[PDB]
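# Understanding the architecture of this molecule
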Number of protein chains: 4
Amino acid sequence: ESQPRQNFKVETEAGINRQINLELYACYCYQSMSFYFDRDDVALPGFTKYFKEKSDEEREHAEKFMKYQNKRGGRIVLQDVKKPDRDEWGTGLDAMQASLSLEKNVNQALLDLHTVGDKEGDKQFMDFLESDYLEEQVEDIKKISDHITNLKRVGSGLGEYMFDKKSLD
Amino acid sequence: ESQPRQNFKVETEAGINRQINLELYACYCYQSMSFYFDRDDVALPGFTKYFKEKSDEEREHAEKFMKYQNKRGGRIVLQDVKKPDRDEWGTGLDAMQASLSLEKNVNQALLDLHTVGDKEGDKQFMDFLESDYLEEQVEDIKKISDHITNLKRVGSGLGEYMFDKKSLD
Amino acid sequence: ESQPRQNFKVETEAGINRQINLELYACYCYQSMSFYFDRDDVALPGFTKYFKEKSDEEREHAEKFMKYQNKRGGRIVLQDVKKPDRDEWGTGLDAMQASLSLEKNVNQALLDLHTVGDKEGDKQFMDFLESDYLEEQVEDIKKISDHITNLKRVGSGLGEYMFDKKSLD
Amino acid sequence: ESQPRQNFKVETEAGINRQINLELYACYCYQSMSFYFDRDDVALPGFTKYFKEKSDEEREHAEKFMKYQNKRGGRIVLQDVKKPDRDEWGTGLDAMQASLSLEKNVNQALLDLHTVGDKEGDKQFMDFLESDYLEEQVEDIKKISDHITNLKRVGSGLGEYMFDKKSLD
Ligand SMILES: [Fe+3]
Ligand SMILES: [Fe+3]
Ligand SMILES: [Fe+3]
Ligand SMILES: [Fe+3]
Ligand SMILES: [Fe+3]
Ligand SMILES: [Fe+3]
């Protein structure tokens, strides 16, 4: 057993390694999204910047889980990060809805990972998940929902152009 | 032979003199475009400013080639700069598309001028073209393409007015 | 053909997409390396920081290629990024030698990608590769070689500990 | 019942009083360790400073539990704080390993105290323990493990001397 390991179960360790891969996958999706909106036939610089920032956030999420794995005495096992499931992301509305669905899937995986910690009695891990992940997911999912509502409100064309300027920095 | 001349062929020298005239011609077109959008029945001050800045850029391009001609020991031979091929430039979309076509023609002339340098073994001239012209053309052509996409996105009327305010300074 | 596309061949476009995946793969390897040295039974914070910075550099390399693909009018096609070929990276000397081998493989892929640009006459792309990638690879490969020499000089134990403090920030 | 008492069980109150004594005991051990390394025949000033700071931390831990006991309406009952179980702490490696074992014992007592809060439904007390104690224990246990690894890496003699200078302030 590694020196720090205490109240840290193998199932919790394995759950963290699957979550690392999922956060890396989300980071990859957002990176794809960002450079899609940098296409010359898409050309929405607010969307480009917004998904780039979201991509860096997911990379931070993954690395924080890596750091935590080490803190508790687990061992990081990396896997292929799959390519995103689309090459092209439609309109700003489509991308924002794909992003909502993505964040809700990450949130469910996090809640399932909380359930592993809870049944194993990992008090510290539950609070770590709560403080550093669950609250952020809830804020993010609310923010993206608002954006979807406004992208429906403004419509295509000028509306989408104006949303890019006024709702995304 | 002039004092500095070394590894500098007469065909390269002549190519630079044709390119000088082309850059001057581009400068003239952009100047025409700029004051077209300053017409009282057009009246788009973002477009006016944007094409004025682009005109000064092309003037700089020409003068840099003049300076280089002298650096290598060639002799500048100037020609008439023809009047632009339109007096009137349509909508903001039309002007932006005329500008894309213009920049692509300058880029092709630059690539052909690179080919002259390459076959003559003008190592320094190729790098000069690469560093000081080819990269800028690629950035510019990408920027103008983005603008064309957004001018189609926003449509005529209010859209064109909003693009003038939000995409051009 | 996309609006900006000019002197940009399909083989060059495909080469950039393979290089994107390779830079992402290098970023993943360095990220693995970094958190390996953050293990409690490895615990070298200079190595951790050094490979984290190297990981961010490779991510920048990938994104710059993504941006360039868009600049020229190509289309980004992403693939799975494979997991690194080791879970554990040995001593500081082993990791530094794995890193040298990695950078030399990236450098060879870049030189092969230069060869594609050259035979297709992509003057701008060659200079882009030269200025923004080839020079950095040469500096990096020299830096890592120096580190390997010093890690052999200092030996294991105290030597490796001292190198972590004095050669890596 | 005291004025503030609400959802605060007698078993939870008693658990806090045992934890107070344990934190005081840890503070005493670290104080012993610190002045051991201030011995003229030991003379490691980094270790001296490090364990002094750790001693003050444990004193803060105890006093925070005292303050909390009062916040909830419990009553502090103090006991003898036993003398540490060694007068002499060996090498820097020995002391660091004794410290790891100490922190893991405090962590287990904290987790057992969390279990008392959980079964009694003391929602606020669990979060207090999580936020103010469990996270710190996990960081500390990871830090001490790293130090043990490096103290094995550097070896005795010059290694131990260098660790005192470079890993402890
Ligand atoms: Fe997110
Ligand atoms: Fe909590
Ligand atoms: Fe231009
Ligand atoms: Fe060059
Ligand atoms: Fe590198
Ligand atoms: Fe402690």
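Along every chain, residue numbers run from 1 in sequence order, not necessarily as the entry numbers them; residues that have no coordinates are omitted. Ligands are numbered from 1 and chains lettered from A, in the order in which they are written. A larger assembly contains the chains displayed, and the values given here are confined to that displayed part. Note that the side-chain values use all heavy atoms of the structure and ignore hydrogens as well as water.

Looking at the method and resolution fields of the entry, one finds X-ray crystallography and 2.30 Å.

Moving on: the overall build of chain A. What counts as a helix is a DSSP run of H or I of at least four residues, what counts as a strand is a run of E of at least two, and both are numbered from the N terminus. Per the secondary structure count, chain A includes five helices and zero strands. A 1.4 Å probe rolled over the protein chains alone gives each residue an accessible area, and that area as a share of the maximum for its type sets the label: buried under 20%, exposed over 50%, partly exposed in between. Considering chain A as a whole, with its 169 residues, one finds that 62% of them fall into the buried category. The long-range fraction of contacts in chain A, counting pairs at least 24 apart against all pairs at least 6 apart in sequence, stands at 82%. Values of accessible area rely on a 1.4 Å probe in the Shrake-Rupley scheme; residue burial ignores everything except the protein chains shown. For chain A, the accessible area works out to roughly 6,800 Å², and carbon and sulfur atoms hold 49% of it. Charge assignment in this entry is limited to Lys and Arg as positive and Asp and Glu as negative, and neither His nor the chain termini are counted. Charge placement uses NZ in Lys and CZ in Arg. For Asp and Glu, CG and CD serve respectively. Of the charged side chains in chain A, 25 are positive and 34 negative; the average position of the first set lies 2 Å away from that of the second. Any two residues having at least one pair of non-hydrogen atoms within 4.5 Å are treated as being in contact.

Attention now goes to the layout of surface pockets. Estimated volume of the largest pocket: approximately 660 Å³. Every definition here rests on a 1 Å grid over the protein atoms only: cavities are sets of points where a 1.4 Å probe fits but cannot get out, pockets are open sets enclosed by protein on both sides within 12 Å along at least five of seven lines, and lining residues have some atom within 4 Å of a point. Every residue lining the largest pocket is counted, 27 residues in all, and those nearest its centre are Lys142, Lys143, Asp146, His147 and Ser167 of chain B. Listing elements by their share of the lining of the largest pocket, those giving two or more residues are α2 (45–72) of chain A, α2 (45–72) and α4 (123–154) of chain B together with α2 (45–72) of chain C. For the lining of the largest pocket, the element with the highest residue contribution is α4 of chain B, accounting for eight residues. Residue polarity is assigned by list, with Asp, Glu, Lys and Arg as charged and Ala, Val, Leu, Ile, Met, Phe, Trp, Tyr, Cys and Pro as nonpolar; anything else, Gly included, falls into the polar class. A class-by-class count of the residues in the lining of the largest pocket yields six nonpolar, five polar and 16 charged. Grid points are joined across faces, edges and corners, and a volume is the space filled by probe spheres set on the points. Of the voids in this model, the second largest pocket is the one considered here, and its volume is about 390 Å³. Every residue lining the second largest pocket is counted, 19 residues in all, and those nearest its centre are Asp38 and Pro45 of chain C together with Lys142, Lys143 and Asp146 of chain D. Of all the secondary structure elements, the ones that give two or more residues to the lining of the second largest pocket are α2 of chain A, α2 and α5 (158–166) of chain C together with α4 (123–154) and α5 (158–166) of chain D. Counting residues per element, the lining of the second largest pocket draws most heavily on α4 of chain D, at six residues. Residue classes in the lining of the second largest pocket are distributed as six nonpolar, four polar and nine charged.

Another point: the interface of chain A and chain C. The interface of chain A with chain C comprises 32 residues on the first partner and 32 residues on the second. Taking both sides of the interface into account, the surface hidden between chain A and chain C amounts to around 3,000 Å²; carbon and sulfur atoms contribute 44%. Throughout, buried area stands for the accessible area (probe radius 1.4 Å) lost by two parts on being put together, summed over both. A per-residue breakdown of the area chain A buries against chain C is headed by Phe35, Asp40 and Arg59 of chain A, which together make up 21% of the total. Any carboxyl oxygen of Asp or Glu that lies within 4 Å of a side-chain nitrogen of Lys or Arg is treated as forming a salt bridge with it. The interface formed by chain A and chain C contains 12 salt bridges. The partner of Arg75 of chain C in a salt bridge is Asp40 of chain A, and the shortest N-O contact between them spans 3.1 Å. By the criterion applied in these results, polar contacts are pairs of N or O atoms within 3.5 Å in which, for protein atoms, one can donate a hydrogen and the other can accept it, and in which residues neighboring in sequence qualify only through two side-chain atoms. Where chain A touches chain C, the interface holds 27 residue pairs in polar contact. If you list the elements that add at least two residues to the side of chain A that touches chain C, you get α1 (10–37) and α2 of chain A. Counted by class, the side of chain A that touches chain C contains 10 nonpolar, nine polar and 13 charged residues.

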